[PDB]
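Beneath this line is the structure, given in structure tokens, with notes to follow.
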Amino acid sequence: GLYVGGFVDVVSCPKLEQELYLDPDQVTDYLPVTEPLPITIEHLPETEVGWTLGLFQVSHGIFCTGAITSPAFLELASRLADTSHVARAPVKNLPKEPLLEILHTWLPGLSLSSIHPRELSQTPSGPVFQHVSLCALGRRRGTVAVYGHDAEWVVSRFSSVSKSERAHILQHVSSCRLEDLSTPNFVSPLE
Ligand SMILES: O=C(O)c1ccc(NC(=O)c2cccc(CC3CCCCC3)n2)c(Nc2ccccc2)c1
């Protein structure tokens, strides 16, 4: 099981337009979110690879911590990290932890899917957020996603998160066991 952390772009995938980047301040009222949301690849519902453990408002923006739990995805990505020249081409030579470096490089973006700002201004009936996506394109704000084996290590990699914010974040993360989370639906494309 891997952990992922970083600051999200807040998007509401629209039907008419190509993309809509929300200002984080439009959703802070609905944070924090400590119930598990799916983590997918590029907003594709069939690519669940894990679950969020917390969405938090911090000084520097909206910070997300999640767990990558899909066995099919972890096995595939680990094999690629040790054997694929394509996966290793855009990363530094001979990394000590190739899996982490390859996710860090190939999926640097975290995007939080929100309902349209129309309902955010009023009183929403249902959930405001649907999922978080690991993304290869469309990154707007600075900083990139961090992947690691230890949650504390992931969050501490962000100097823009204070000691107080890290302690609040890690309280919820440690309060959840990944065993009683359902298996994500990701299927290896090689099948
Ligand atoms: O079915 C097909 O024809 C097909 C073709 C291309 C695909 N993926 C891509 O083109 C692509 C681009 C950027 C980032 C990623 C994610 C990342 C996962 C594990 C380490 C290496 C890559 N995939 C995918 N999807 C996919 C591939 C590998 C892992 C996960 C999803 C499918």
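Atoms within each ligand, like the ligands themselves, are counted from 1 in listed order. Computed over heavy atoms, backbone and side chain alike; hydrogens, waters and symmetry mates excluded. Residue numbers run from 1 in the order of the sequence given.
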Query raised in the report: With a 4.0 Å cut-off, strictly under, does atom 4 (C) of ligand 1 pick up any protein heavy atom?
Result: no
Query raised in the report: For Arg177, which residues count as a salt bridge (charged side-chain N to carboxylate O under 4.0 Å, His left out) partner, sequence neighbours excluded?
Result: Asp180
Report task. State whether any protein heavy atom lies less than 4.0 Å from atom 20 (C) of ligand 1. Result -> yes
Query - Distance-minimising heavy-atom pair for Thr47 and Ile41 - result: OG1-N, 2.8 Å
Query raised in the report: Who's the nearest protein heavy-atom neighbour of atom 24 (C) of ligand 1, and how far?
Result: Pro189 CG, 4.4 Å
Query raised in the report: Does the side chain of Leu181 come within less than 4.5 Å of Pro36's, by heavy atoms?
Result: yes
Report task. Could you list the residues that satisfy salt bridge (charged side-chain N to carboxylate O under 4.0 Å, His left out) with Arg140, not counting sequence neighbours? Result -> none
**Report entry** Distance flag for atom 26 (C) of ligand 1, protein heavy atom under 4.0 Å
**Finding:** yes
Query raised in the report: Can a donor-acceptor pair be found between the side chains of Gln130 and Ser113 at a distance below 3.5 Å?
Result: yes
**Report entry** Interfacing atoms of ligand 1 (cut-off 4.0 Å, heavy-atom, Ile102)
**Finding:** 20 (C)
Report summary line: heavy-atom search around atom 18 (C) of ligand 1 in the protein gives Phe73 CE1, 3.9 Å
Query raised in the report: Between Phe56 and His172, what is the ring plane arrangement, given parallel below 30°, perpendicular above 60°, and tilted in between?
Result: tilted
Report task. Distance to 0.1 Å, residue and atom name: give those for the protein heavy atom nearest to atom 29 (C) of ligand 1. Result -> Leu76 CD2, 4.0 Å
Query raised in the report: Are any non-hydrogen protein atoms located under 4.0 Å from atom 14 (C) of ligand 1?
Result: yes
